[PDB]
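Below: input30.csv (CSV, C-alpha atoms)
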chain,number,residue,atom,x,y,z
A,1,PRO,CA,-3.7,-26.5,-1.9
A,2,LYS,CA,-3.3,-22.7,-1.9
A,3,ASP,CA,-2.5,-23.8,1.8
A,4,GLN,CA,0.3,-26.0,0.6
A,5,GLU,CA,1.5,-23.7,-2.1
A,6,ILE,CA,1.8,-20.8,0.4
A,7,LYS,CA,3.5,-22.9,3.0
A,8,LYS,CA,5.9,-23.9,0.3
A,9,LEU,CA,6.6,-20.2,-0.7
A,10,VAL,CA,7.1,-19.3,2.9
A,11,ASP,CA,9.4,-22.3,3.5
A,12,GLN,CA,11.5,-21.2,0.4
A,13,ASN,CA,11.6,-17.5,1.3
A,14,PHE,CA,11.3,-17.0,5.1
A,15,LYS,CA,12.3,-20.3,6.6
A,16,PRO,CA,16.0,-20.1,5.5
A,17,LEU,CA,16.3,-16.8,7.4
A,18,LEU,CA,15.8,-18.8,10.6
A,19,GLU,CA,19.2,-20.5,10.2
A,20,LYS,CA,21.0,-17.5,8.5
A,21,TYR,CA,20.2,-15.3,11.5
A,22,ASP,CA,19.7,-17.8,14.3
A,23,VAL,CA,16.2,-16.8,14.9
A,24,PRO,CA,14.5,-18.9,17.5
A,25,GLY,CA,10.9,-18.3,16.4
A,26,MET,CA,8.8,-16.9,13.6
A,27,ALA,CA,5.1,-16.5,12.5
A,28,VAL,CA,4.4,-15.6,9.0
A,29,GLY,CA,0.9,-14.8,7.7
A,30,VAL,CA,-0.4,-14.3,4.2
A,31,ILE,CA,-3.8,-13.1,3.2
A,32,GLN,CA,-4.8,-13.7,-0.4
A,33,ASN,CA,-8.0,-13.8,-2.3
A,34,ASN,CA,-9.9,-13.3,0.9
A,35,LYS,CA,-8.3,-16.2,2.9
A,36,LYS,CA,-5.7,-16.2,5.7
A,37,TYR,CA,-2.8,-18.6,6.1
A,38,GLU,CA,-0.8,-18.9,9.3
A,39,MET,CA,2.7,-20.4,9.3
A,40,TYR,CA,4.6,-21.0,12.5
A,41,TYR,CA,8.2,-21.9,13.2
A,42,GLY,CA,10.4,-22.4,16.2
A,43,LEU,CA,10.1,-21.5,19.8
A,44,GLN,CA,8.6,-18.5,21.5
A,45,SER,CA,10.6,-19.3,24.6
A,46,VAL,CA,13.9,-21.3,24.3
A,47,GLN,CA,14.2,-21.9,28.1
A,48,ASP,CA,10.5,-23.2,28.3
A,49,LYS,CA,10.5,-25.1,25.0
A,50,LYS,CA,7.4,-23.4,24.1
A,51,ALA,CA,6.6,-23.4,20.4
A,52,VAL,CA,5.4,-20.3,18.5
A,53,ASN,CA,1.8,-20.8,17.8
A,54,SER,CA,-1.4,-18.8,17.0
A,55,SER,CA,-1.5,-17.4,20.6
A,56,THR,CA,2.1,-16.2,20.7
A,57,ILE,CA,2.3,-12.5,21.4
A,58,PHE,CA,5.2,-10.6,19.7
A,59,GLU,CA,6.5,-7.0,20.1
A,60,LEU,CA,5.7,-5.0,17.0
A,61,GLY,CA,8.2,-2.2,17.5
A,62,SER,CA,7.5,0.7,15.1
A,63,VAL,CA,4.7,-1.1,13.5
A,64,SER,CA,2.9,0.1,16.6
A,65,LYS,CA,2.9,3.5,14.8
A,66,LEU,CA,0.1,2.1,12.5
A,67,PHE,CA,-2.2,1.7,15.4
A,68,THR,CA,-1.4,5.2,16.6
A,69,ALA,CA,-2.2,6.5,13.2
A,70,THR,CA,-5.5,4.5,13.1
A,71,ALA,CA,-6.4,5.9,16.6
A,72,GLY,CA,-5.8,9.5,15.4
A,73,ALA,CA,-7.7,9.0,12.2
A,74,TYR,CA,-10.6,7.6,14.3
A,75,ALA,CA,-10.4,10.6,16.6
A,76,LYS,CA,-10.4,13.0,13.6
A,77,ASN,CA,-13.3,11.3,11.8
A,78,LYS,CA,-15.3,11.5,15.0
A,79,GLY,CA,-14.7,15.2,15.2
A,80,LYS,CA,-12.5,14.9,18.4
A,81,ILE,CA,-9.7,16.6,16.7
A,82,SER,CA,-8.8,18.3,13.4
A,83,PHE,CA,-5.4,17.6,11.9
A,84,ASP,CA,-5.0,21.4,11.6
A,85,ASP,CA,-5.2,21.6,15.5
A,86,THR,CA,-2.0,22.2,17.5
A,87,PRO,CA,-1.0,20.1,20.6
A,88,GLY,CA,-1.8,22.9,23.1
A,89,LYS,CA,-5.4,22.8,22.3
A,90,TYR,CA,-5.5,19.5,24.1
A,91,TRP,CA,-2.4,19.3,26.3
A,92,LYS,CA,-3.0,22.7,27.9
A,93,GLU,CA,0.5,23.2,29.4
A,94,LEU,CA,1.8,23.5,25.9
A,95,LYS,CA,-0.6,26.3,24.9
A,96,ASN,CA,1.3,29.2,23.4
A,97,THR,CA,4.6,27.4,23.5
A,98,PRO,CA,6.6,27.0,20.3
A,99,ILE,CA,5.7,23.3,19.8
A,100,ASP,CA,2.1,24.6,19.8
A,101,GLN,CA,2.9,26.1,16.3
A,102,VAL,CA,3.2,22.5,14.9
A,103,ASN,CA,0.0,20.8,13.9
A,104,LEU,CA,-1.2,17.3,14.6
A,105,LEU,CA,-0.6,16.1,11.0
A,106,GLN,CA,3.0,17.4,11.1
A,107,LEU,CA,3.6,15.6,14.4
A,108,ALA,CA,2.1,12.4,13.0
A,109,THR,CA,4.2,12.5,9.9
A,110,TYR,CA,7.4,13.7,11.4
A,111,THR,CA,7.8,17.2,10.0
A,112,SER,CA,8.1,19.4,13.2
A,113,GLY,CA,11.5,20.2,11.9
A,114,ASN,CA,13.4,19.5,15.2
A,115,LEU,CA,12.6,16.1,16.6
A,116,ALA,CA,15.0,13.3,16.5
A,117,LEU,CA,14.6,9.5,16.4
A,118,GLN,CA,14.6,9.2,20.2
A,119,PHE,CA,14.1,11.3,23.3
A,120,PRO,CA,17.3,12.1,25.0
A,121,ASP,CA,18.4,9.5,27.6
A,122,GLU,CA,17.6,11.9,30.4
A,123,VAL,CA,13.9,12.2,29.5
A,124,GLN,CA,12.2,9.4,31.4
A,125,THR,CA,9.3,10.7,33.7
A,126,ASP,CA,6.0,12.2,32.7
A,127,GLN,CA,7.3,15.5,34.0
A,128,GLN,CA,10.5,15.3,32.1
A,129,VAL,CA,8.5,14.7,29.0
A,130,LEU,CA,6.2,17.6,29.6
A,131,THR,CA,9.4,19.7,30.2
A,132,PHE,CA,11.1,18.6,27.0
A,133,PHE,CA,8.1,19.8,25.0
A,134,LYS,CA,7.8,23.1,26.9
A,135,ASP,CA,11.5,23.8,26.2
A,136,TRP,CA,11.4,22.8,22.6
A,137,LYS,CA,12.3,25.4,19.9
A,138,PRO,CA,12.1,25.1,16.2
A,139,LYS,CA,15.0,24.5,14.0
A,140,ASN,CA,13.9,23.6,10.4
A,141,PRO,CA,10.8,25.3,9.0
A,142,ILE,CA,7.8,23.5,10.3
A,143,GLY,CA,6.5,21.0,7.7
A,144,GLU,CA,9.5,21.1,5.4
A,145,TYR,CA,11.6,18.3,6.6
A,146,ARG,CA,10.9,14.7,7.5
A,147,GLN,CA,12.8,13.2,10.4
A,148,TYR,CA,11.5,9.8,11.5
A,149,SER,CA,10.7,10.4,15.2
A,150,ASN,CA,9.4,8.6,18.3
A,151,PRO,CA,8.8,11.8,20.2
A,152,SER,CA,6.9,13.3,17.2
A,153,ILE,CA,4.4,10.5,16.8
A,154,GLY,CA,4.3,9.9,20.6
A,155,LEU,CA,3.2,13.5,21.2
A,156,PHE,CA,0.6,12.9,18.5
A,157,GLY,CA,-0.7,9.8,20.3
A,158,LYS,CA,-0.8,11.6,23.6
A,159,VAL,CA,-3.0,14.4,22.2
A,160,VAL,CA,-5.1,11.9,20.5
A,161,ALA,CA,-5.7,10.2,23.9
A,162,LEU,CA,-6.5,13.5,25.5
A,163,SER,CA,-9.0,14.2,22.7
A,164,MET,CA,-10.8,11.0,23.6
A,165,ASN,CA,-10.4,11.5,27.4
A,166,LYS,CA,-8.7,8.1,27.9
A,167,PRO,CA,-5.1,7.2,28.5
A,168,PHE,CA,-3.6,6.0,25.3
A,169,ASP,CA,-3.5,2.3,26.4
A,170,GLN,CA,-7.2,2.4,26.8
A,171,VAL,CA,-7.7,4.2,23.5
A,172,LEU,CA,-6.2,1.1,21.8
A,173,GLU,CA,-7.3,-1.7,24.2
A,174,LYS,CA,-10.9,-0.5,24.7
A,175,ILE,CA,-11.7,1.3,21.4
A,176,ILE,CA,-9.5,0.7,18.4
A,177,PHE,CA,-8.4,-3.0,19.0
A,178,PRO,CA,-11.9,-4.2,19.4
A,179,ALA,CA,-13.2,-2.0,16.5
A,180,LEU,CA,-10.7,-3.9,14.2
A,181,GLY,CA,-11.6,-7.3,15.5
A,182,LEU,CA,-8.3,-7.8,17.4
A,183,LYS,CA,-8.5,-10.1,20.5
A,184,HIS,CA,-5.1,-10.5,21.7
A,185,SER,CA,-3.4,-7.2,21.1
A,186,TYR,CA,-1.9,-5.1,24.0
A,187,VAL,CA,-0.1,-2.1,25.1
A,188,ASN,CA,0.3,-3.8,28.5
A,189,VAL,CA,0.1,-7.6,28.1
A,190,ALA,CA,-2.7,-8.9,30.3
A,191,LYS,CA,-1.6,-11.0,33.4
A,192,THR,CA,-3.4,-14.0,32.1
A,193,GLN,CA,-1.5,-13.8,28.8
A,194,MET,CA,2.1,-13.5,30.0
A,195,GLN,CA,2.4,-17.2,29.3
A,196,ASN,CA,1.8,-16.4,25.7
A,197,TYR,CA,4.2,-13.4,25.5
A,198,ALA,CA,7.3,-14.5,23.6
A,199,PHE,CA,10.7,-13.7,24.8
A,200,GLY,CA,12.8,-11.7,22.3
A,201,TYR,CA,16.4,-12.6,21.8
A,202,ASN,CA,19.5,-10.6,21.3
A,203,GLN,CA,22.5,-11.7,19.2
A,204,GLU,CA,23.9,-13.7,22.1
A,205,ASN,CA,20.4,-15.4,22.5
A,206,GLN,CA,19.8,-13.9,25.9
A,207,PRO,CA,16.1,-13.5,26.3
A,208,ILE,CA,14.9,-9.9,26.5
A,209,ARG,CA,11.8,-7.8,26.4
A,210,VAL,CA,11.1,-4.1,25.6
A,211,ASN,CA,11.8,-1.8,28.5
A,212,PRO,CA,9.6,1.2,29.5
A,213,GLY,CA,10.3,4.5,27.9
A,214,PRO,CA,9.0,8.1,27.4
A,215,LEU,CA,5.8,8.0,25.3
A,216,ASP,CA,6.6,4.3,24.5
A,217,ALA,CA,3.0,3.1,23.8
A,218,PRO,CA,2.2,5.3,20.8
A,219,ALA,CA,5.7,4.9,19.3
A,220,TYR,CA,6.7,1.3,19.7
A,221,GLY,CA,4.8,-0.3,22.5
A,222,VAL,CA,2.2,-2.6,21.0
A,223,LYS,CA,2.3,-6.4,21.1
A,224,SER,CA,0.1,-8.7,19.1
A,225,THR,CA,-0.4,-12.2,17.7
A,226,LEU,CA,-0.3,-13.4,14.1
A,227,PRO,CA,-4.0,-13.9,13.8
A,228,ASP,CA,-4.6,-10.3,15.1
A,229,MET,CA,-2.1,-8.9,12.7
A,230,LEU,CA,-3.7,-10.8,9.8
A,231,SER,CA,-7.1,-9.3,10.9
A,232,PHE,CA,-5.4,-5.9,10.8
A,233,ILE,CA,-4.3,-6.5,7.2
A,234,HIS,CA,-7.8,-7.7,6.3
A,235,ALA,CA,-9.1,-4.4,7.7
A,236,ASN,CA,-6.6,-2.5,5.6
A,237,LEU,CA,-7.6,-4.5,2.4
A,238,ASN,CA,-11.4,-4.2,3.2
A,239,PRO,CA,-12.2,-1.1,5.2
A,240,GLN,CA,-15.8,-1.1,3.8
A,241,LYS,CA,-16.5,-4.3,5.8
A,242,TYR,CA,-16.1,-2.4,9.1
A,243,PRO,CA,-18.3,0.1,11.0
A,244,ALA,CA,-18.2,3.7,9.7
A,245,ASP,CA,-15.9,5.3,12.3
A,246,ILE,CA,-13.1,2.6,12.1
A,247,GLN,CA,-13.7,2.3,8.2
A,248,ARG,CA,-13.2,6.1,7.8
A,249,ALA,CA,-10.2,5.9,10.0
A,250,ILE,CA,-8.5,3.1,8.0
A,251,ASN,CA,-9.1,4.9,4.7
A,252,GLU,CA,-7.7,8.1,6.2
A,253,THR,CA,-4.4,6.2,7.1
A,254,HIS,CA,-3.9,5.4,3.4
A,255,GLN,CA,-3.9,9.0,2.3
A,256,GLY,CA,-0.4,10.1,1.2
A,257,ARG,CA,0.6,13.4,2.8
A,258,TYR,CA,3.8,14.3,1.1
A,259,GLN,CA,6.4,12.6,-1.0
A,260,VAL,CA,10.2,11.8,-0.4
A,261,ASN,CA,11.7,10.5,-3.7
A,262,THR,CA,9.7,7.4,-4.5
A,263,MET,CA,8.0,7.1,-1.1
A,264,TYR,CA,4.8,8.8,0.0
A,265,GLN,CA,4.3,9.3,3.7
A,266,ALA,CA,0.7,8.3,4.7
A,267,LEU,CA,-0.4,8.0,8.4
A,268,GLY,CA,2.0,5.5,9.9
A,269,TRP,CA,2.1,3.6,6.6
A,270,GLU,CA,4.6,4.2,3.9
A,271,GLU,CA,3.0,4.3,0.5
A,272,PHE,CA,4.3,3.5,-3.0
A,273,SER,CA,3.0,3.6,-6.6
A,274,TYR,CA,2.2,0.0,-7.4
A,275,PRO,CA,3.8,-1.9,-9.1
A,276,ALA,CA,6.8,-1.0,-7.1
A,277,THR,CA,10.3,-2.3,-7.7
A,278,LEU,CA,12.1,-4.1,-5.0
A,279,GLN,CA,14.7,-1.4,-5.0
A,280,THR,CA,12.0,1.2,-4.3
A,281,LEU,CA,10.8,-0.7,-1.3
A,282,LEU,CA,14.4,-1.3,-0.1
A,283,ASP,CA,15.2,2.4,-0.5
A,284,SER,CA,12.4,3.3,1.9
A,285,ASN,CA,14.5,1.8,4.7
A,286,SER,CA,17.8,3.5,3.6
A,287,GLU,CA,19.9,5.2,6.4
A,288,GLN,CA,19.3,8.5,4.6
A,289,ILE,CA,15.5,8.1,4.9
A,290,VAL,CA,15.3,6.6,8.4
A,291,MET,CA,18.1,8.5,10.2
A,292,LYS,CA,18.4,11.9,8.6
A,293,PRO,CA,16.1,14.8,7.9
A,294,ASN,CA,14.8,14.9,4.3
A,295,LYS,CA,13.1,17.7,2.4
A,296,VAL,CA,9.5,16.7,1.5
A,297,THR,CA,7.7,17.5,-1.7
A,298,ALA,CA,4.0,18.3,-1.8
A,299,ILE,CA,2.0,15.6,-3.6
A,300,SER,CA,0.8,16.9,-7.0
A,301,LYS,CA,-1.0,13.6,-8.0
A,302,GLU,CA,-1.2,10.6,-5.7
A,303,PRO,CA,-0.6,7.3,-7.6
A,304,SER,CA,-4.0,5.8,-8.6
A,305,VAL,CA,-2.7,2.3,-7.7
A,306,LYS,CA,-0.7,1.9,-4.4
A,307,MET,CA,0.9,-0.5,-2.0
A,308,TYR,CA,1.9,0.1,1.6
A,309,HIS,CA,4.3,-1.3,4.1
A,310,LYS,CA,5.9,-0.8,7.5
A,311,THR,CA,9.0,-2.2,9.2
A,312,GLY,CA,9.5,-2.3,13.0
A,313,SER,CA,11.8,-3.7,15.6
A,314,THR,CA,12.4,-3.7,19.3
A,315,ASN,CA,15.8,-5.0,20.6
A,316,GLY,CA,14.5,-8.5,20.6
A,317,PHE,CA,11.9,-8.6,17.9
A,318,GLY,CA,11.4,-8.0,14.1
A,319,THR,CA,8.1,-7.1,12.4
A,320,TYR,CA,7.2,-6.4,8.7
A,321,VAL,CA,3.7,-5.8,7.3
A,322,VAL,CA,2.7,-5.2,3.7
A,323,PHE,CA,-0.5,-5.0,1.6
A,324,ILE,CA,-1.6,-4.2,-2.0
A,325,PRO,CA,-5.3,-3.3,-2.4
A,326,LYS,CA,-5.5,-4.0,-6.1
A,327,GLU,CA,-4.0,-7.5,-5.8
A,328,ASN,CA,-6.0,-8.1,-2.6
A,329,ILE,CA,-3.0,-9.6,-0.9
A,330,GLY,CA,-0.9,-8.9,2.3
A,331,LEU,CA,1.7,-10.4,4.5
A,332,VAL,CA,2.9,-10.2,8.1
A,333,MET,CA,6.2,-11.5,9.5
A,334,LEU,CA,6.9,-11.6,13.3
A,335,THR,CA,10.1,-12.8,14.7
A,336,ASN,CA,11.5,-13.0,18.2
A,337,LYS,CA,14.9,-11.8,17.0
A,338,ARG,CA,15.8,-9.0,14.7
A,339,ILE,CA,16.7,-9.7,11.2
A,340,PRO,CA,17.9,-7.2,8.7
A,341,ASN,CA,14.9,-5.1,7.2
A,342,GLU,CA,16.2,-5.8,3.8
A,343,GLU,CA,15.8,-9.6,4.3
A,344,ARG,CA,12.2,-9.0,5.5
A,345,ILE,CA,11.4,-6.8,2.5
A,346,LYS,CA,13.0,-9.2,-0.1
A,347,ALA,CA,11.4,-12.3,1.3
A,348,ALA,CA,7.9,-10.7,1.3
A,349,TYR,CA,8.4,-9.4,-2.2
A,350,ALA,CA,9.1,-12.9,-3.5
A,351,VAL,CA,6.2,-14.5,-1.7
A,352,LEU,CA,3.7,-11.7,-2.8
A,353,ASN,CA,5.0,-11.9,-6.3
A,354,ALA,CA,4.5,-15.6,-6.5
A,355,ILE,CA,0.9,-15.4,-5.4
A,356,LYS,CA,-0.3,-12.4,-7.6
A,357,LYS,CA,-3.1,-13.4,-10.0
What would you get if you wrote out this structure as structure tokens?
Amino acid sequence: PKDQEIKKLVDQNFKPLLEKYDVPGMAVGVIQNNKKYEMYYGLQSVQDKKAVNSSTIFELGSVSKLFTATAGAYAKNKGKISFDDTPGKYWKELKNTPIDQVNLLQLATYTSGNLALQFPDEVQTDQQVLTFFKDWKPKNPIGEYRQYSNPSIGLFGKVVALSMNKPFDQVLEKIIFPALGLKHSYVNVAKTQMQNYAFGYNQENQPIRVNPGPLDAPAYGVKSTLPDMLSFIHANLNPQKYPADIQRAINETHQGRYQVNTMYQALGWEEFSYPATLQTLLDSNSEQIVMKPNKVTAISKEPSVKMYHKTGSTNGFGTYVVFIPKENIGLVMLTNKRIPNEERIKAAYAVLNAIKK
């Protein structure tokens, strides 16, 4: 009923992308009015003729950053860290180095003022990563400029892990994932679940999966299922229904920290005044916003009514997650091939618009 109507909306707005971009497989979830709806298309593995289904595990890419943010907020609300702390309080070899002038909130929200999108090619081992951060020097004034960055939020996740005395994979797999009711989400996919891990596909439909990299886990290294991600949206829409420490942490991730044009940077999540135009949501993934440094403006008044989203990709996968508290709706799309972010944003906008009360 609503089942049929939503499936119809998804068939009209997401299904055509499968042909347009030759996508072998897709899971789209919608949560609305307190009910979850799971829609699956295609194959998780072309060679094995395995269909995408409720157990299929996808690479979330940068949507991993949401879990990193949630982990840090959890740490902070437990008094394990303060966001005014610097990384050398926790990772002692960086004590009294220049990166130790940048605080944990600034690493989380990409404002160190000299951290690019990726580590250089040459930084691969734990030691080379430690060395990179020892040798780091400032460029822009700390806190002034947003530059979307894996090394920035990776360094944040690493110190969060230190503050909890667990490697970061265990922070998520042992504490945060279960706290959010997630059952099949992973930093390292369990042995007994490899049969469920999709292959991703490149534009020649060669099957691929994410390779290891420096501080990968906190930046882009989580994998999950459609039901788990719909649980995660449910948690974002209803933090009050969770235990205090995870509840506090979820609420903390929604707090906007500074503004760039019409986007507010929260923890991991991007935040907008709601109702938001499509163009506002598209502009959030502009080359200028994603690839270049941008001067931030301090928030004077946060919007009283908001919505949040996050895009992510690995070479073989696309993810998009969106929720609007006031409408009590959300959506997740997972694909095992990249499709343009703007198509993900537009498709979701149409479906959410159609189901608003």
Residues of segment 57-93 of chain A within 12 Å of segment 174-196 of chain A: nearest atom pair and distance (Å, one decimal) for each, counting only C-alpha atoms, sorted by chain and number, as a Markdown table?
| residue | atom | partner | partner_atom | distance |
| --- | --- | --- | --- | --- |
| A:57 | CA | A:196 | CA | 5.8 |
| A:58 | CA | A:196 | CA | 9.0 |
| A:59 | CA | A:186 | CA | 9.5 |
| A:60 | CA | A:185 | CA | 10.2 |
| A:61 | CA | A:187 | CA | 11.3 |
| A:64 | CA | A:187 | CA | 9.3 |
| A:66 | CA | A:176 | CA | 11.4 |
| A:67 | CA | A:176 | CA | 8.0 |
| A:68 | CA | A:176 | CA | 9.4 |
| A:69 | CA | A:176 | CA | 10.7 |
| A:70 | CA | A:176 | CA | 7.7 |
| A:71 | CA | A:176 | CA | 6.3 |
| A:72 | CA | A:176 | CA | 10.0 |
| A:73 | CA | A:176 | CA | 10.5 |
| A:74 | CA | A:176 | CA | 8.1 |
| A:75 | CA | A:176 | CA | 10.1 |
Next, write the just-selected residues to a file, as a PDB file, keeping the file's coordinate frame, keeping C-alpha atoms as the atom set.
ATOM      1  CA  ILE A  57       2.300 -12.500  21.400  1.00  0.00           C
ATOM      2  CA  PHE A  58       5.200 -10.600  19.700  1.00  0.00           C
ATOM      3  CA  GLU A  59       6.500  -7.000  20.100  1.00  0.00           C
ATOM      4  CA  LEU A  60       5.700  -5.000  17.000  1.00  0.00           C
ATOM      5  CA  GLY A  61       8.200  -2.200  17.500  1.00  0.00           C
ATOM      6  CA  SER A  64       2.900   0.100  16.600  1.00  0.00           C
ATOM      7  CA  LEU A  66       0.100   2.100  12.500  1.00  0.00           C
ATOM      8  CA  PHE A  67      -2.200   1.700  15.400  1.00  0.00           C
ATOM      9  CA  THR A  68      -1.400   5.200  16.600  1.00  0.00           C
ATOM     10  CA  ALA A  69      -2.200   6.500  13.200  1.00  0.00           C
ATOM     11  CA  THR A  70      -5.500   4.500  13.100  1.00  0.00           C
ATOM     12  CA  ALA A  71      -6.400   5.900  16.600  1.00  0.00           C
ATOM     13  CA  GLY A  72      -5.800   9.500  15.400  1.00  0.00           C
ATOM     14  CA  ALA A  73      -7.700   9.000  12.200  1.00  0.00           C
ATOM     15  CA  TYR A  74     -10.600   7.600  14.300  1.00  0.00           C
ATOM     16  CA  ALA A  75     -10.400  10.600  16.600  1.00  0.00           C
TER      17      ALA A  75
END
Rank nothing, just name the residue among A:335, A:53, A:170, A:111 nearest to residue 312 of chain A, using all atoms listed in the file.
A:335
Close residues, residue 63 of chain A itself excluded, 12 Å, all atoms listed in the file, min 3 positions apart in chain, as number ranges by chain:
A: 58-60, 66-70, 150, 217-224, 229, 232, 267-270, 309-314, 317-322, 332-334
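Using only C-alpha atoms, the contacts of residue 283 of chain A at a cut-off of 12 Å, with sequence neighbours closer than 5 positions omitted, comprise residues 260, 261, 262, 263, 270, 272, 276, 277, 278, 288, 289, 290, 341, 342, 345 and 346 of chain A.
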In terms of all atoms listed in the file, the residue from A:244, A:353, A:161, A:99 at minimal distance from residue 330 of chain A is A:353
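Within 8 Å of residue 215 of chain A there are residues 150, 151, 154, 155 and 158 of chain A, counting only C-alpha atoms and ignoring same-chain residues fewer than 5 positions away.
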Residues near segment 132-136 of chain A, anyone? I mean within 8 Å using only C-alpha atoms, not counting same-chain ones fewer than 3 positions away, as a PyMOL selection string.
chain A and resi 93-94+97-99+123+128-129
Produce a file of the selected residues containing C-alpha atoms, as an mmCIF file, in the coordinates of the input.
data_model
loop_
_atom_site.group_PDB
_atom_site.id
_atom_site.type_symbol
_atom_site.label_atom_id
_atom_site.label_comp_id
_atom_site.auth_asym_id
_atom_site.auth_seq_id
_atom_site.Cartn_x
_atom_site.Cartn_y
_atom_site.Cartn_z
ATOM 1 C CA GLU A 93 0.500 23.200 29.400
ATOM 2 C CA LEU A 94 1.800 23.500 25.900
ATOM 3 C CA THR A 97 4.600 27.400 23.500
ATOM 4 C CA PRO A 98 6.600 27.000 20.300
ATOM 5 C CA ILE A 99 5.700 23.300 19.800
ATOM 6 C CA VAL A 123 13.900 12.200 29.500
ATOM 7 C CA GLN A 128 10.500 15.300 32.100
ATOM 8 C CA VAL A 129 8.500 14.700 29.000
#
Shortest interatomic distance to residue 28 of chain A - which of A:101, A:152, A:284, A:56, counting only C-alpha atoms
A:56
Which one of A:77, A:103, A:4, A:149 sits closest to residue 251 of chain A if you count only C-alpha atoms?
A:77
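Nearest-residue note for residue 104 of chain A: choosing from A:228, A:48, A:5, A:84, the minimum distance belongs to A:84, counting only C-alpha atoms.
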Sphere at (1.5, -23.7, 3.8), radius 10 Å, counting all atoms listed in the file: residues as a PyMOL selection string:
chain A and resi 1-11+29-30+37-40
Here is a test: counting all atoms listed in the file, which residue of A:347, A:52, A:130, A:339 is nearest to residue 315 of chain A?
A:339
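Going from atom CA of residue 144 of chain A to atom CA of residue 257 of chain A covers 12.1 Å.
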